[PDB]
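Beneath this line is the structure, given in structure tokens, with notes to follow.
Please note: Cβ atoms are built from the backbone with ideal geometry, for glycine as well, and neighbour counts cover all protein chains shown. None of the figures in this text is laboratory data; all of them are computed from the coordinates on show.
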Protein chains: 6
Amino acid sequence: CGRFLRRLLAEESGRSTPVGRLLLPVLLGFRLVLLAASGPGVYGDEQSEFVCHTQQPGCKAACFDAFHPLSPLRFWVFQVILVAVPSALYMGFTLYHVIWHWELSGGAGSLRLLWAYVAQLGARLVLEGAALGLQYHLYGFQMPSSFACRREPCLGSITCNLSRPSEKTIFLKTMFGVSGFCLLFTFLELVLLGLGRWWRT
Amino acid sequence: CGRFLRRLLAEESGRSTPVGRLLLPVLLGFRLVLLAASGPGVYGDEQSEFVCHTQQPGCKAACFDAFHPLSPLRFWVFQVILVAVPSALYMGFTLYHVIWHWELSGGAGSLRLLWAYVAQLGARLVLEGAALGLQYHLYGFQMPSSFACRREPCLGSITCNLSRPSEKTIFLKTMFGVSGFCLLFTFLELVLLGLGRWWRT
Amino acid sequence: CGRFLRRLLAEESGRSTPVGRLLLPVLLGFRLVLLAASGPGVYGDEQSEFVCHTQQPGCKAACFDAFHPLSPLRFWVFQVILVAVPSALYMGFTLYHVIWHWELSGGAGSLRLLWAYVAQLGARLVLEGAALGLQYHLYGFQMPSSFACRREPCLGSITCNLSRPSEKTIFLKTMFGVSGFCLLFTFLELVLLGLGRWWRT
Amino acid sequence: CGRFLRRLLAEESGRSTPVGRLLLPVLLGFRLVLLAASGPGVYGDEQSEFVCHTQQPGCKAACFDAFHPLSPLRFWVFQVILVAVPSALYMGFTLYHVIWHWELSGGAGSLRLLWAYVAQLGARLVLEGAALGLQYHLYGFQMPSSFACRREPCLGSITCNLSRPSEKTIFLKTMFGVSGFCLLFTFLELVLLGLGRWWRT
Amino acid sequence: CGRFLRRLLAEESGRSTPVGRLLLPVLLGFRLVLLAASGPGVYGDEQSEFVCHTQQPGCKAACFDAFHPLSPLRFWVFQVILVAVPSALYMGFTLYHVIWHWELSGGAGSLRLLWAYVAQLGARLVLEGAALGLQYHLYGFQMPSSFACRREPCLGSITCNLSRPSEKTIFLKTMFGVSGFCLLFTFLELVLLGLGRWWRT
Amino acid sequence: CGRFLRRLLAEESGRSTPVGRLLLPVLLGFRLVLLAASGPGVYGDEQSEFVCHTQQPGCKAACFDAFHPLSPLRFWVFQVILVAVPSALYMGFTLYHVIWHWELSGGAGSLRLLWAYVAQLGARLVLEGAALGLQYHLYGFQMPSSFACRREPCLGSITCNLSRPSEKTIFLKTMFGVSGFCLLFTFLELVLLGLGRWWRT
Ligand SMILES: CCCCCCCCCCC(CCCCCCCCCC)(CO[C@H]1O[C@@H](CO)[C@H](O[C@@H]2O[C@@H](CO)[C@H](O)[C@@H](O)[C@@H]2O)[C@@H](O)[C@@H]1O)CO[C@H]1O[C@@H](CO)[C@H](O[C@@H]2O[C@@H](CO)[C@H](O)[C@@H](O)[C@@H]2O)[C@@H](O)[C@H]1O
Ligand SMILES: CCCCCCCCCCC(CCCCCCCCCC)(CO[C@H]1O[C@@H](CO)[C@H](O[C@@H]2O[C@@H](CO)[C@H](O)[C@@H](O)[C@@H]2O)[C@@H](O)[C@@H]1O)CO[C@H]1O[C@@H](CO)[C@H](O[C@@H]2O[C@@H](CO)[C@H](O)[C@@H](O)[C@@H]2O)[C@@H](O)[C@H]1O
Ligand SMILES: CCCCCCCCCCC(CCCCCCCCCC)(CO[C@H]1O[C@@H](CO)[C@H](O[C@@H]2O[C@@H](CO)[C@H](O)[C@@H](O)[C@@H]2O)[C@@H](O)[C@@H]1O)CO[C@H]1O[C@@H](CO)[C@H](O[C@@H]2O[C@@H](CO)[C@H](O)[C@@H](O)[C@@H]2O)[C@@H](O)[C@H]1O
Ligand SMILES: CCCCCCCCCCC(CCCCCCCCCC)(CO[C@H]1O[C@@H](CO)[C@H](O[C@@H]2O[C@@H](CO)[C@H](O)[C@@H](O)[C@@H]2O)[C@@H](O)[C@@H]1O)CO[C@H]1O[C@@H](CO)[C@H](O[C@@H]2O[C@@H](CO)[C@H](O)[C@@H](O)[C@@H]2O)[C@@H](O)[C@H]1O
Ligand SMILES: CCCCCCCCCCC(CCCCCCCCCC)(CO[C@H]1O[C@@H](CO)[C@H](O[C@@H]2O[C@@H](CO)[C@H](O)[C@@H](O)[C@@H]2O)[C@@H](O)[C@@H]1O)CO[C@H]1O[C@@H](CO)[C@H](O[C@@H]2O[C@@H](CO)[C@H](O)[C@@H](O)[C@@H]2O)[C@@H](O)[C@H]1O
Ligand SMILES: CCCCCCCCCCC(CCCCCCCCCC)(CO[C@H]1O[C@@H](CO)[C@H](O[C@@H]2O[C@@H](CO)[C@H](O)[C@@H](O)[C@@H]2O)[C@@H](O)[C@@H]1O)CO[C@H]1O[C@@H](CO)[C@H](O[C@@H]2O[C@@H](CO)[C@H](O)[C@@H](O)[C@@H]2O)[C@@H](O)[C@H]1O
């Protein structure tokens, strides 16, 4: 499997720039290691870190579900696997293309791989942009220290306190930045292919 | 093992379309990673998240068993391994077929693999459809916030409250959708082989 | 290791039918994945799910040991490793047979492997049948919701309640069925070899 | 690494019988899988399963240390790694012997490996026999349900109760039996080499 | 993949000294194993090891967030992955360079790899120096045993006590030293390449 | 990678005796497996196994930090990775030496590897001896059952009790012995190379 892999890497990346050949794979692996290693330590115990000052039955569960209908740990897991779906389809389409041309040749084919590369960058551009909008819409840029809750079966208005709001705010902003750079260099690799000339006409 | 694997991939998928060659393997791996990474965080602590307002001995255990006789985590594990049984039989039948034709040839054989491919898609079509029916029948499309229980040895009617009903509802619908697309593209790969012509006559 | 493995697979299974070549390995792997993935979630916390209504010292430990002298998780682990012992001896006997005939040949030998295949199916037939009898004898087909205990140092008769009896009953029956099919297809692979002709005379 | 491994297996086991070539490696792997999979579930929580009926400070810790100065989980881990030390020295001595005879030959050497095989079986025979004696001496064949303790700083004599004495007794006897068969087949493989003729004269 | 890897190692390190070829990879792996094996045992339970003498609601969470807005475990994880980003870009740039010169040759190229090696050492020099400054700025060289907190909603001034301040002080200084040696030998490998001659003119 | 590894093993160990070729690698792996498998079970819960008879705030944390400023689990992890640093530098220096002599030769070089082997044994001799001195200095040969503590903010003198002092004493002595044999056979492998002749003159 020495000559095989030396012919797949030169075919999968014979029409890309260094931005899409080196810098994007390293940026996407950075986001994956950071989430797996450090994520559960910050956001793993949100439920026990949510203290409400009351004794009615069912008032804490009603207020925590209004504050966080979805945890950030679940959102970020769905984001990394969605963005990997276009990349996995292009790697498989390239694998089977190399096999059906070793037998005979151990134009119409070389132009077939270029249209597939432009298609997965356009999809990743749409999925990354939509994820950032939901992230700002659901959570924002800061996690508060208190929360007021007027919800049934709570009688009146109660006060609820959170733990570690400074460490959660720092991890939230760090993710927004890594995803922003992934979006920027994906849009840049299209321009260098000639999106500008296609844009005008 | 370079020339061997280059002859098994071209034989196992020399009579399939891109729907069954690229899109289905990526859809089935998506469902497996999502379950392993995110599943236990949502549904792992159902039993401690089920609070009933009483003190009789044995009334909580009676009401939780009426509400959830089977957890969704157990249902989804059985679903992914069943659907993988037809795929594992077809990969082994193809392996031994390549070995018994290398010795001599390093019709009746090529037509033997086509009838085996149609057979595992028909089985997966029946198993996916039956699983969705049980899923809607057992759980539905929403997890409630309260539950009324009139069961022995509880005296009267008691009220029991749940935690995180919004995050559980979102994960339930997300699975129903991924399985629906797996069912759709399995039915589609039969049509493109000629199920329509076989259907009429 | 390409030509080597292509000569071991054709020798280990040159005298077996598809029942013993494809269907049995897939059935035994199914039982192993199901136990590892789902087993601990059902039967992992039996001891804390066993509530007795008393305060004497040592009455709970006396009644739980009378009810479950052995957990199902321990029984099923011993069952899968025992059944794998005859399979591991036959794979090693075949490995060393291929090596001592590559040097010279790169009758008395081909007939040596056939008597070893019949011997491990007979052993697995005896071990699977004995395990099912103990399983029905120890546990049965249903896990109850209550249990009466008259044992020292308990004064009188006490009542003890269990949790999740419906999910434990479903997992118990599912295992009995998978093992039953493993027993059936092991007995069937002997008939197709000629057990009937050997039986009569 | 195809021809290399086909020459090491034929050299490491060209002067052994099937008892030492197939049956002993399978017996030693059986004991290792059983310990790792099932061991912690039985003996992992001994300390919390040891209830003494008192309130003095330090009386429970004094009585548990008199009852179990060493857990069975620690004893069995030391036993499996000690017995593996002679096996690892013989595999390395054989590896370097094959390399220093490929260059030239790609009597005094063949007789060098026979004296090393007899030496590791004699060591394993002494280590297995000593371990069984300590096992019977420390623990016995049964784990009791009660324990009387007259030790300082306990005032008088107190009673302490154990949990799950029936499951611990079954696992203890199962290990004694597997180790007994390992001892038997190690002594048998020496006889078949000619220990009887060496014994007399 | 024998001749391939024998040509990549000689190309990636044909213009480096033993300081950058042996000593730096071993120093960076030392810091990674130490963090993974020993880190969580020291700093994993800071929150439960922070006891404040009060009963007001929300005073403990306010004082722990002022004392530790970021844990050392999170800081050190970000430090090791950042420093690995320049190393991963240089390994990929070297891989694709070897492939595009095997076809033709199975000056302008040899000089292309030298400017890339100087660039990743300069980046690692800036990232290591900035991390040490933040480490001294956030934590210092010692973890105290007490902490005074005048913060809302605490009434007055309260006293809070810490656990294991001696083991945390020892692990903190040990990390500062390993990172200091990584900084020293990175600056030294530039001098031996000729930074002094470039510095003056 | 068959001929490559057959030339590295014969070069890395063409000037060593069986003591440094077989017996030392097996002794160092023994110490690593024993620590990983059995270590956390003995010394993992020291903090909860340290009971002091008082109610003042902060007196338990002050006395446990005086008794154990560093756990044995942390000491032994640092000891095994330090001793592995000289071994990792010598394996890398040998790898690059084999590559720069395959091209030409597929005296000054053979004598270069001998001075590197003597250098890593001298370093390991100094690191093993210093570790044993700290081990006896910090912990000793026995773990007590009680401990008297006169430290602020404790009023007077209090008594604190430990759990499992017999199992901790046995594991401590077992490690001291394995490290002693590693020190002995490292000093012995220098003598057999000719340290005696170098010592006198
Ligand atoms: C590109 C631009 C985007 C444009 C907007 C797009 C809008 C998208 C909708 C956003 C969405 C999450 C869904 C997306 C997650 C997908 C991720 C999938 C990953 C899976 C791996 C968040 O909910 C919205 O609702 C707002 C409140 O109304 C929230 O505002 C905050 O509110 C303040 C409270 O005071 C806060 O104090 C403040 O912080 C904000 O003001 C926001 O979170 C958001 O706007 C919708 O959630 C909805 O889900 C359902 C259950 O499915 C919820 O439960 C249902 O109703 C419950 C009774 O209510 C029952 O109990 C439950 O039984 C029932 O089921 C709903 O209730 C609702 O929550
Ligand atoms: C190369 C030379 C460096 C030159 C200096 C550079 C300055 C860098 C800033 C350092 C920085 C950490 C950020 C860096 C971490 C990046 C790592 C990323 C890794 C991610 C994987 C530490 O905070 C600074 O602030 C000082 C206090 O003011 C602290 O001093 C100590 O204080 C004494 C208390 O009495 C101690 O007793 C004593 O020990 C020290 O005196 C120091 O920690 C430091 O100086 C800034 O933190 C800031 O973050 C934000 C939330 O983002 C915090 O929360 C916000 O405000 C809260 C109300 O306040 C709200 O509640 C919260 O809702 C809101 O959000 C802020 O509050 C603030 O903390
Ligand atoms: C393709 C179309 C499908 C067509 C329908 C097919 C029908 C399939 C039957 C569905 C099935 C699960 C079995 C399938 C799981 C297989 C998965 C295997 C994976 C393994 C890896 C769910 O049970 C049915 O029963 C209904 C209630 O009667 C439930 O309705 C809900 O009820 C409302 C309550 O008020 C809820 O409020 C509301 O939410 C619903 O109204 C539904 O869950 C369902 O209809 C049958 O369960 C049965 O199992 C047995 C124990 O085996 C149970 O325990 C036995 O009886 C106990 C005393 O009772 C004893 O204590 C126990 O000792 C004894 O043993 C039974 O009791 C029964 O539960
Ligand atoms: C092919 C056809 C099979 C033909 C039958 C073959 C008979 C096989 C014997 C079955 C066997 C398990 C052993 C097999 C497990 C091997 C698996 C190895 C895997 C290891 C990886 C189950 O015990 C039998 O005994 C019966 C009770 O007498 C049980 O009936 C139930 O009882 C009702 C109670 O009221 C239930 O309510 C109801 O549910 C049933 O009526 C059944 O479980 C069974 O019949 C024997 O167990 C025995 O083990 C010993 C300790 O070794 C036990 O402890 C000893 O005595 C204690 C004082 O007693 C002391 O405290 C203890 O200190 C001492 O040591 C014994 O006590 C005894 O239990
Ligand atoms: C080759 C021959 C060796 C020759 C001797 C060499 C001497 C080496 C010094 C040994 C050393 C460990 C350091 C080595 C570990 C490196 C391992 C690195 C691995 C990392 C992966 C043990 O401390 C010494 O001190 C003695 C006490 O003074 C101890 O004796 C025992 O005491 C009896 C009590 O009554 C016992 O009852 C009895 O059992 C013994 O009598 C012994 O442990 C030892 O002698 C020094 O520890 C020092 O560390 C610092 C924090 O860094 C400690 O904290 C500082 O002060 C605190 C207020 O005090 C503050 O609270 C804290 O905030 C502050 O920071 C110090 O306090 C001090 O402890
Ligand atoms: C081939 C034939 C064998 C021939 C016999 C050879 C004899 C071998 C000695 C056996 C040995 C274990 C050591 C072997 C483990 C090596 C495994 C290594 C694996 C490591 C990976 C078990 O101890 C012996 O002592 C007996 C009691 O005296 C025990 O009997 C039982 O007692 C009844 C009580 O009433 C029971 O009710 C009943 O069940 C039995 O009657 C038996 O366990 C045994 O005979 C010796 O243990 C000794 O260790 C030391 C600490 O090192 C212990 O602690 C020391 O003293 C404490 C004050 O005492 C202090 O508190 C402590 O601070 C101090 O340190 C000692 O106390 C002592 O225990």
Open item on the list: Exactly one of these conditions fails for C:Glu128: (1) over 29 Å from D:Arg3 (Cα atoms); (2) within 13 Å of chain D (Cβ to nearest Cβ). Give me its number.
Closed with: (2)
Task: Pick from region C:60-72, criterion closer than 27 Å to C:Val126 by Cα and buried (at least 18 other Cβ atoms within 10 Å of the Cβ), ranking: nearest to ligand 3 (Cβ to nearest atom) - done: C:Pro72
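For residues that are outside any helix (DSSP H, G or I) and of a type in the set (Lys, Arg), tally how many sit in region A:11-49.
Applying the first criterion (outside any helix (DSSP H, G or I)) to region A:11-49 yields A:13-17, A:44-49.
Remaining after also requiring of a type in the set (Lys, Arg): A:15.
Of the residues in that region, 1 qualify.
Do we find that A:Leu89 is part of a helix (DSSP H, G or I), away from ligand 6 (no atom under 16 Å from the Cβ) and either over 30 Å from E:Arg74 (Cα atoms) or of a type in the set (S, T, N, Q) (or both) in this structure? Break it down stepwise before answering.
On the way: part of a helix (DSSP H, G or I): yes; away from ligand 6 (no atom under 16 Å from the Cβ): yes; either over 30 Å from E:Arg74 (Cα atoms) or of a type in the set (S, T, N, Q) (or both): yes.
Spelling it out, A:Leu89 is indeed part of a helix (DSSP H, G or I), away from ligand 6 (no atom under 16 Å from the Cβ) and either over 30 Å from E:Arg74 (Cα atoms) or of a type in the set (S, T, N, Q) (or both).
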Open item on the list: Please verify whether F:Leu172 is in a helix (DSSP H, G or I), away from ligand 1 (no atom under 16 Å from the Cβ) and within 14 Å of chain D (Cβ to nearest Cβ), treating the condition exactly as stated.
Closed with: yes
- [ ] Tell me, yes or no, whether region D:133-150 has at least one residue that is within 14 Å of chain C (Cβ to nearest Cβ), hydroxyl-bearing (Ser, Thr, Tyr), under 23 Å from the mean Cα position of the chain (by Cα) and part of a helix (DSSP H, G or I).
- [x] no
Open item on the list: Which of the numbered conditions does D:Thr186 fail, given that it passes all the others? Conditions: (1) touching a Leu at 6+ places or on another chain (Cβ under 9 Å); (2) more than 30 Å from D:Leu35 (Cα to Cα).
Closed with: (2)
TODO: Could you tell me whether any residue of region A:73-92 is over 15 Å from the mean Cα position of the chain (by Cα), hydroxyl-bearing (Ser, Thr, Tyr) and farther than 19 Å from A:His137 by Cα?
DONE: yes
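Conditions (1) in contact with a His (Cβ under 6 Å, 6 or more places away or on another chain); (2) surrounded by fewer than 16 Cβ atoms within 10 Å (Cβ to Cβ); (3) not polar (S, T, N, Q), marked per residue:
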residue	(1), (2), (3)
D:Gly41	no, no, yes
D:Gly58	no, no, yes
D:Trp76	no, no, yes
D:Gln79	no, no, no
D:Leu89	no, no, yes
D:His101	no, yes, yes
D:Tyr117	no, no, yes
D:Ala131	no, no, yes
D:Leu134	no, yes, yes
Task: Residue satisfying condition, being farther than 26 Å from A:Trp76 by Cα and within 8 Å of another protein chain (Cβ to nearest Cβ), within set B:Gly14, B:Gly106, B:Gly58 - done: B:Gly58
TODO: Report yes if D:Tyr96 is at negative phi, among the aromatic types (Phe, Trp, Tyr), over 15 Å from the mean Cα position of the chain (by Cα) and within 14 Å of chain F (Cβ to nearest Cβ), otherwise no.
DONE: yes
Open item on the list: Looking at the structure I just gave you, is A:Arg164 more than 16 Å from ligand 3 (Cβ to nearest atom), away from every other protein chain (no Cβ under 12 Å) and basic (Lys, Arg)?
Closed with: no
Task: Positions within region E:54-89 being over 30 Å from E:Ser38 (Cβ atoms) and either touching a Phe, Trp or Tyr at 6+ places or on another chain (Cβ under 9 Å) or not hydrophobic (A, V, I, L, M, F, W, C) (or both), in sequence order - done: E:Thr54, E:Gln55, E:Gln56, E:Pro57, E:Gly58
